[PDB]
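Q: A single structure is presented below for examination.
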Amino acid sequence: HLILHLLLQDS
């Protein structure tokens, strides 16, 4: 799930 976050925070 961490990836799902590193994706939202990056954007």
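By convention here, the chains of the structure tokens are called A, B, ... in the order presented, each chain's residues are numbered starting at 1, and ligands are numbered starting at 1 in the order presented.
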As a list in words, list the residues of chain A assigned to helix (DSSP H, G or I) by DSSP on the backbone atoms of this structure.
A: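 Result set for chain A (helix (DSSP H, G or I)): residues 2, 3, 4, 5, 6, 7 and 8 of chain A.
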Q: Would you mind exporting the chosen residues as a PDB file, in the first residue's frame, restricted to N, CA, C and O atoms?
A:
ATOM      1  N   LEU A   2       2.093   1.205   0.644  1.00  0.00           N
ATOM      2  CA  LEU A   2       3.036   2.369   0.762  1.00  0.00           C
ATOM      3  C   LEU A   2       3.206   3.114  -0.621  1.00  0.00           C
ATOM      4  O   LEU A   2       3.386   4.355  -0.684  1.00  0.00           O
ATOM      5  N   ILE A   3       3.201   2.279  -1.720  1.00  0.00           N
ATOM      6  CA  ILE A   3       3.424   2.724  -3.126  1.00  0.00           C
ATOM      7  C   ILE A   3       2.293   3.667  -3.529  1.00  0.00           C
ATOM      8  O   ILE A   3       2.541   4.728  -4.123  1.00  0.00           O
ATOM      9  N   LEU A   4       1.041   3.250  -3.147  1.00  0.00           N
ATOM     10  CA  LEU A   4      -0.212   3.993  -3.397  1.00  0.00           C
ATOM     11  C   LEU A   4      -0.100   5.429  -2.856  1.00  0.00           C
ATOM     12  O   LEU A   4      -0.670   6.355  -3.455  1.00  0.00           O
ATOM     13  N   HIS A   5       0.652   5.554  -1.718  1.00  0.00           N
ATOM     14  CA  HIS A   5       0.903   6.822  -1.018  1.00  0.00           C
ATOM     15  C   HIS A   5       2.022   7.623  -1.674  1.00  0.00           C
ATOM     16  O   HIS A   5       1.808   8.792  -1.986  1.00  0.00           O
ATOM     17  N   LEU A   6       3.228   6.965  -1.897  1.00  0.00           N
ATOM     18  CA  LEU A   6       4.440   7.595  -2.557  1.00  0.00           C
ATOM     19  C   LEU A   6       4.014   8.167  -3.948  1.00  0.00           C
ATOM     20  O   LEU A   6       4.779   8.944  -4.582  1.00  0.00           O
ATOM     21  N   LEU A   7       2.789   7.729  -4.416  1.00  0.00           N
ATOM     22  CA  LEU A   7       2.199   8.127  -5.711  1.00  0.00           C
ATOM     23  C   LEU A   7       1.356   9.394  -5.571  1.00  0.00           C
ATOM     24  O   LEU A   7       1.401  10.262  -6.472  1.00  0.00           O
ATOM     25  N   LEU A   8       0.574   9.466  -4.433  1.00  0.00           N
ATOM     26  CA  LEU A   8      -0.332  10.598  -4.124  1.00  0.00           C
ATOM     27  C   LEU A   8       0.418  11.816  -3.598  1.00  0.00           C
ATOM     28  O   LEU A   8       0.031  12.955  -3.905  1.00  0.00           O
TER      29      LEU A   8
END
